Amino acid sequence: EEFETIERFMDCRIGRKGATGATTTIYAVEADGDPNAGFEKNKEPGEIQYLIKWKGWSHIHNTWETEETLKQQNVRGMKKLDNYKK
Amino acid sequence: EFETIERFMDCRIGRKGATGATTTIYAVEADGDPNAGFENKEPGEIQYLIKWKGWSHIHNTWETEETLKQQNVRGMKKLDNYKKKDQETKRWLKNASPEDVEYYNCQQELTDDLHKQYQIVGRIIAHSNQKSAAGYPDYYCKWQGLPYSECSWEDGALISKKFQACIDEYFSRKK
Amino acid sequence: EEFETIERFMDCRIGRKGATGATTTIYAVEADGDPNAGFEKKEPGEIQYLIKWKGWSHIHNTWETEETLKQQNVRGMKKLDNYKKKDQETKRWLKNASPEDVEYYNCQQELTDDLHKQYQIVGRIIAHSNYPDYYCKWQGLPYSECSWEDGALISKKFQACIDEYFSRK
């Protein structure tokens, strides 16, 4: 395909399950609202998500993701994932 | 699931039964103050204004030692400390020149206004992706007089009642 | 078996290791100097938090680390988790905040920091004990926040306030 590539892990967080992907961009969040709104351990949906900086895209395109979503999209560079974990 | 008393904001004598959830600044604005004709002529009941843990000042409610207990709230020790501190102050103002009473009243008025501002939205910073059945998103609010670490998410139906202007400006600052 | 407990987190900063605790009180600083004097990059860093202690007036706030808190058994630790969460949250939002929004943020935080600075300044002295201790009305705070303080300590900086006090007796 036209495989996306994870360039760098910028941040990490425990967030509302489902608050990942395109809806988490800074522009989608300022236009449609944040899908992680007032989350916290009070409920789950509750997963570990990583802020991803993509190859060939400025920081405004950074999105929160999970191993699940990452693997689903078959992104290149998975190596830095378990490298970030540790 | 048991509320916690974070701080005692004020004290008053008011109508019996004028306490909890119908005494919030917004419950009053929507349905009227249950303490509405209280001035002399109807005997009182000492009540305390409470700032609850995890809830912003707009959710402050008046309560009595009794309603506090009935709701099994946490932080009851603060009520005891508050009562003891109040008596100390009342006493240390034993004579106290009119100059001291004058200073006291002036200062107490500055802080009272201060506290009222904790209830007004100074700026909306964000909103939620999910909307209520009524079509309202929640809003991340910055309160007047408090640092950003005091911002909190609020039901849209709620602040729209009084702060529709902050909401309108928030969306306008973006396209 | 005395234990101190965290009332509120006032601020956070990166500071020279060890520049935490008792010697970081505004009065210990004025007295002997600030253990974080001209810290840089130059040497090991460390995230420190300025905390307001329950049962103590603001003049007693000290800087601390997530480590010194636990070594001392400080209670209220759960408030440290929320604060961090919140700070990463606003430091986050700040990354893409617009120029207009960022400036509003700086002005408000300036105002806020001014207000907090007042809490450590005596606005009046309304009673002494039978150096005597003094009941201090703190600048910017309600009378419900007055507190007894060691006279030797408040006299060092607010001597004028104890004289206005005694001139009215």
# chains A, B, ... in the order shown; residues from 1 in each chain; ligands from 1
call {"tool": "interface_residues", "arguments": {"of": "chain C", "to": "chain A", "cutoff": "12 Å", "atoms": "only C-alpha atoms", "output": "list in words"}}
result
residues 81, 82, 84, 85, 86, 88, 89, 91, 92, 93, 94, 95, 96, 97 and 98 of chain C
call {"tool": "residues_around", "arguments": {"residues": "segment 61-66 of chain B", "least_positions_apart": "2", "cutoff": "8 Å", "atoms": "only C-alpha atoms", "output": "list in words"}}
result
residues 18, 19, 20, 21, 22, 23, 24, 45, 46, 47, 48, 49, 50, 51, 59, 68, 69, 70 and 79 of chain B
call {"tool": "write_last_selection", "arguments": {"atoms": "N, CA and C atoms", "output": "PDB file, in the first residue's frame"}}
result
ATOM      1  N   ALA B  18     -33.331  26.307  53.377  1.00  0.00           N
ATOM      2  CA  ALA B  18     -32.708  26.943  52.222  1.00  0.00           C
ATOM      3  C   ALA B  18     -31.283  26.390  52.098  1.00  0.00           C
ATOM      4  N   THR B  19     -31.187  25.100  51.771  1.00  0.00           N
ATOM      5  CA  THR B  19     -29.900  24.446  51.660  1.00  0.00           C
ATOM      6  C   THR B  19     -29.830  23.414  50.532  1.00  0.00           C
ATOM      7  N   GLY B  20     -28.591  23.097  50.150  1.00  0.00           N
ATOM      8  CA  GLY B  20     -28.278  22.122  49.121  1.00  0.00           C
ATOM      9  C   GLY B  20     -28.970  22.118  47.775  1.00  0.00           C
ATOM     10  N   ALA B  21     -28.179  22.028  46.715  1.00  0.00           N
ATOM     11  CA  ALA B  21     -28.702  21.967  45.353  1.00  0.00           C
ATOM     12  C   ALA B  21     -29.772  22.867  44.764  1.00  0.00           C
ATOM     13  N   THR B  22     -30.416  23.686  45.590  1.00  0.00           N
ATOM     14  CA  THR B  22     -31.463  24.557  45.068  1.00  0.00           C
ATOM     15  C   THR B  22     -30.865  25.893  45.500  1.00  0.00           C
ATOM     16  N   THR B  23     -29.690  25.856  46.131  1.00  0.00           N
ATOM     17  CA  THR B  23     -29.030  27.079  46.562  1.00  0.00           C
ATOM     18  C   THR B  23     -27.803  27.400  45.722  1.00  0.00           C
ATOM     19  N   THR B  24     -27.507  26.593  44.708  1.00  0.00           N
ATOM     20  CA  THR B  24     -26.364  26.906  43.842  1.00  0.00           C
ATOM     21  C   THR B  24     -26.697  28.165  43.062  1.00  0.00           C
ATOM     22  N   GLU B  45     -31.609  29.930  60.838  1.00  0.00           N
ATOM     23  CA  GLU B  45     -30.919  28.652  61.000  1.00  0.00           C
ATOM     24  C   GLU B  45     -29.525  28.897  60.434  1.00  0.00           C
ATOM     25  N   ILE B  46     -28.476  28.774  61.252  1.00  0.00           N
ATOM     26  CA  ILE B  46     -27.102  29.012  60.774  1.00  0.00           C
ATOM     27  C   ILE B  46     -26.718  28.081  59.620  1.00  0.00           C
ATOM     28  N   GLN B  47     -26.221  28.666  58.538  1.00  0.00           N
ATOM     29  CA  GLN B  47     -25.859  27.889  57.361  1.00  0.00           C
ATOM     30  C   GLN B  47     -24.455  28.242  56.892  1.00  0.00           C
ATOM     31  N   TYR B  48     -23.793  27.269  56.269  1.00  0.00           N
ATOM     32  CA  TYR B  48     -22.418  27.422  55.785  1.00  0.00           C
ATOM     33  C   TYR B  48     -22.293  27.257  54.285  1.00  0.00           C
ATOM     34  N   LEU B  49     -21.562  28.161  53.631  1.00  0.00           N
ATOM     35  CA  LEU B  49     -21.369  28.068  52.174  1.00  0.00           C
ATOM     36  C   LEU B  49     -20.183  27.116  51.922  1.00  0.00           C
ATOM     37  N   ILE B  50     -20.423  26.066  51.155  1.00  0.00           N
ATOM     38  CA  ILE B  50     -19.380  25.101  50.931  1.00  0.00           C
ATOM     39  C   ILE B  50     -18.847  24.883  49.532  1.00  0.00           C
ATOM     40  N   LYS B  51     -17.517  24.863  49.454  1.00  0.00           N
ATOM     41  CA  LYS B  51     -16.783  24.600  48.224  1.00  0.00           C
ATOM     42  C   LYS B  51     -16.470  23.119  48.318  1.00  0.00           C
ATOM     43  N   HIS B  59     -20.636  25.467  41.888  1.00  0.00           N
ATOM     44  CA  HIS B  59     -21.405  24.397  42.515  1.00  0.00           C
ATOM     45  C   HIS B  59     -21.437  24.527  44.030  1.00  0.00           C
ATOM     46  N   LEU B  68     -25.183  18.228  56.371  1.00  0.00           N
ATOM     47  CA  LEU B  68     -23.845  17.704  56.152  1.00  0.00           C
ATOM     48  C   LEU B  68     -23.802  16.239  56.592  1.00  0.00           C
ATOM     49  N   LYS B  69     -24.192  15.993  57.844  1.00  0.00           N
ATOM     50  CA  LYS B  69     -24.208  14.652  58.423  1.00  0.00           C
ATOM     51  C   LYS B  69     -25.150  13.720  57.670  1.00  0.00           C
ATOM     52  N   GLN B  70     -26.355  14.198  57.401  1.00  0.00           N
ATOM     53  CA  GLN B  70     -27.333  13.397  56.681  1.00  0.00           C
ATOM     54  C   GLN B  70     -26.796  12.864  55.363  1.00  0.00           C
ATOM     55  N   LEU B  79     -15.451  21.534  59.573  1.00  0.00           N
ATOM     56  CA  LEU B  79     -16.533  22.283  60.171  1.00  0.00           C
ATOM     57  C   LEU B  79     -16.132  22.636  61.591  1.00  0.00           C
TER      58      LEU B  79
END
call {"tool": "closest_atom_pairs", "arguments": {"of": "chain B", "to": "chain C", "cutoff": "7 Å", "atoms": "only C-alpha atoms", "output": "CSV"}}
result
residue,atom,partner,partner_atom,distance
B:85,CA,C:144,CA,6.4
B:86,CA,C:144,CA,6.8
B:92,CA,C:127,CA,7.0
B:108,CA,C:142,CA,6.3
B:111,CA,C:142,CA,6.1
B:146,CA,C:112,CA,6.7
B:147,CA,C:112,CA,5.9
B:149,CA,C:86,CA,6.6
call {"tool": "interface_residues", "arguments": {"of": "chain A", "to": "chain B", "cutoff": "8 Å", "atoms": "only C-alpha atoms", "output": "list in words"}}
result
residues 29, 30, 32, 33, 34, 35, 36, 37 and 38 of chain A
call {"tool": "select_by_dssp", "arguments": {"residues": "segment 26-170 of chain B", "states": "helix (DSSP H, G or I)", "output": "PyMOL selection string"}}
result
chain B and resi 26-31+57-59+65-70+77-92+98-117+148-150+156-170
call {"tool": "write_last_selection", "arguments": {"atoms": "C-alpha atoms", "output": "CSV table (one decimal), in the first residue's frame"}}
result
chain,number,residue,atom,x,y,z
B,26,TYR,CA,-27.4,28.6,38.9
B,27,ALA,CA,-30.3,26.9,40.6
B,28,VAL,CA,-31.2,30.3,42.1
B,29,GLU,CA,-30.9,32.0,38.7
B,30,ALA,CA,-33.2,29.4,37.1
B,31,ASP,CA,-35.8,28.9,39.8
B,57,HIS,CA,-17.1,27.3,42.9
B,58,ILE,CA,-20.3,27.6,40.7
B,59,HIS,CA,-21.4,24.4,42.5
B,65,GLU,CA,-24.3,20.8,60.4
B,66,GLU,CA,-27.3,18.5,60.0
B,67,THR,CA,-27.6,18.3,56.2
B,68,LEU,CA,-23.8,17.7,56.2
B,69,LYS,CA,-24.2,14.7,58.4
B,70,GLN,CA,-27.3,13.4,56.7
B,77,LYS,CA,-13.4,18.0,60.8
B,78,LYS,CA,-13.2,21.2,58.8
B,79,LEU,CA,-16.5,22.3,60.2
B,80,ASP,CA,-15.1,21.9,63.7
B,81,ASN,CA,-12.0,23.9,62.8
B,82,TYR,CA,-14.1,26.6,61.1
B,83,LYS,CA,-16.3,27.0,64.2
B,84,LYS,CA,-13.3,27.4,66.4
B,85,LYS,CA,-11.6,29.9,64.1
B,86,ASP,CA,-14.8,31.9,63.9
B,87,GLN,CA,-15.1,32.2,67.7
B,88,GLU,CA,-11.4,33.2,68.0
B,89,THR,CA,-11.9,36.0,65.5
B,90,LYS,CA,-15.2,37.1,67.1
B,91,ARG,CA,-13.3,37.2,70.4
B,92,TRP,CA,-10.1,39.0,69.1
B,98,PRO,CA,-13.8,51.4,65.2
B,99,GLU,CA,-10.6,51.7,63.1
B,100,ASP,CA,-10.1,47.9,63.5
B,101,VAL,CA,-13.8,47.1,62.8
B,102,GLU,CA,-13.5,49.5,59.9
B,103,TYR,CA,-10.5,47.7,58.5
B,104,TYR,CA,-12.2,44.3,59.1
B,105,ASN,CA,-15.3,45.2,57.2
B,106,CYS,CA,-13.4,46.7,54.3
B,107,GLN,CA,-11.1,43.7,53.9
B,108,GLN,CA,-14.0,41.2,54.4
B,109,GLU,CA,-15.7,43.0,51.5
B,110,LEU,CA,-12.8,42.7,49.1
B,111,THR,CA,-12.4,39.0,49.7
B,112,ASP,CA,-16.2,38.5,49.4
B,113,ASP,CA,-16.2,40.1,45.9
B,114,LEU,CA,-13.1,38.0,45.1
B,115,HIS,CA,-14.9,34.8,45.8
B,116,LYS,CA,-17.9,35.7,43.8
B,117,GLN,CA,-15.7,36.0,40.7
B,148,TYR,CA,-5.4,27.8,34.8
B,149,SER,CA,-4.8,24.8,37.1
B,150,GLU,CA,-8.4,25.6,38.3
B,156,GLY,CA,-22.9,23.0,28.2
B,157,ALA,CA,-26.6,23.4,29.1
B,158,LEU,CA,-25.4,25.0,32.3
B,159,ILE,CA,-23.0,27.8,31.4
B,160,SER,CA,-24.9,28.7,28.2
B,161,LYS,CA,-27.6,30.0,30.6
B,162,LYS,CA,-25.4,32.8,31.8
B,163,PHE,CA,-22.2,32.7,29.7
B,164,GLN,CA,-23.5,32.4,26.1
B,165,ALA,CA,-21.2,35.3,25.2
B,166,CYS,CA,-18.0,33.5,26.3
B,167,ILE,CA,-19.2,30.5,24.2
B,168,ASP,CA,-20.0,32.7,21.2
B,169,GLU,CA,-16.5,34.4,21.4
B,170,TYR,CA,-14.8,31.1,21.8
call {"tool": "residues_around", "arguments": {"residues": "residue 144 of chain B", "least_positions_apart": "6", "cutoff": "7 Å", "atoms": "only C-alpha atoms", "output": "PyMOL selection string"}}
result
chain B and resi 117-118+120-122
call {"tool": "write_last_selection", "arguments": {"atoms": "N, CA and C atoms", "output": "mmCIF file, in the first residue's frame"}}
result
data_model
loop_
_atom_site.group_PDB
_atom_site.id
_atom_site.type_symbol
_atom_site.label_atom_id
_atom_site.label_comp_id
_atom_site.auth_asym_id
_atom_site.auth_seq_id
_atom_site.Cartn_x
_atom_site.Cartn_y
_atom_site.Cartn_z
ATOM 1 N N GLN B 117 -16.243 36.138 42.054
ATOM 2 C CA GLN B 117 -15.671 35.998 40.718
ATOM 3 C C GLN B 117 -15.276 34.581 40.354
ATOM 4 N N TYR B 118 -14.991 33.741 41.350
ATOM 5 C CA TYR B 118 -14.628 32.351 41.073
ATOM 6 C C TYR B 118 -15.784 31.660 40.357
ATOM 7 N N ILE B 120 -17.670 33.254 37.937
ATOM 8 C CA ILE B 120 -17.914 33.718 36.572
ATOM 9 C C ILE B 120 -16.849 33.260 35.545
ATOM 10 N N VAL B 121 -17.329 32.718 34.440
ATOM 11 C CA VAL B 121 -16.434 32.245 33.398
ATOM 12 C C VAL B 121 -15.708 33.434 32.777
ATOM 13 N N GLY B 122 -14.380 33.411 32.825
ATOM 14 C CA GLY B 122 -13.607 34.496 32.249
ATOM 15 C C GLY B 122 -13.254 34.213 30.800
#
call {"tool": "residues_around", "arguments": {"residues": "residue 46 of chain A", "least_positions_apart": "4", "cutoff": "9 Å", "atoms": "only C-alpha atoms", "output": "list in words"}}
result
residues 14, 15, 16, 17, 18, 39, 40 and 41 of chain A
call {"tool": "atom_distance", "arguments": {"atom1": "atom CA of residue 35 of chain C", "atom2": "atom CA of residue 16 of chain C"}}
result
7.8 Å
call {"tool": "select_by_dssp", "arguments": {"residues": "segment 33-142 of chain B", "states": "strand (DSSP E)", "output": "list in words"}}
result
residues 45, 46, 47, 48, 49, 50, 51, 52, 61, 62, 63, 121, 122, 123, 124, 125, 126, 127, 128, 129, 130, 131, 137, 138, 139, 140, 141 and 142 of chain B
call {"tool": "atom_distance", "arguments": {"atom1": "atom CA of residue 74 of chain C", "atom2": "atom CA of residue 4 of chain C"}}
result
5.2 Å
call {"tool": "closest_residue", "arguments": {"among": "C:167, C:6, C:24, C:134", "to": "residue 155 of chain C", "atoms": "only C-alpha atoms"}}
result
C:134
call {"tool": "residues_around", "arguments": {"residues": "segment 26-30 of chain C", "least_positions_apart": "6", "cutoff": "9 Å", "atoms": "only C-alpha atoms", "output": "JSON, numbers by chain"}}
result
{"C": [59, 60, 61, 62, 120, 153, 156, 157]}
call {"tool": "atom_distance", "arguments": {"atom1": "atom CA of residue 67 of chain C", "atom2": "atom CA of residue 7 of chain B"}}
result
27.8 Å
call {"tool": "residues_around", "arguments": {"residues": "segment 62-67 of chain A", "least_positions_apart": "5", "cutoff": "9 Å", "atoms": "only C-alpha atoms", "output": "list in words"}}
result
residues 10, 11, 12, 13, 19, 20, 21, 22, 23, 24, 25, 26, 47, 48, 49, 50, 51, 52, 53, 54, 57, 72, 78 and 81 of chain A
call {"tool": "residues_around", "arguments": {"residues": "residue 5 of chain B", "least_positions_apart": "3", "cutoff": "8 Å", "atoms": "only C-alpha atoms", "output": "JSON, numbers by chain"}}
result
{"B": [8, 50, 51, 52, 53, 73, 74, 75, 76, 78]}
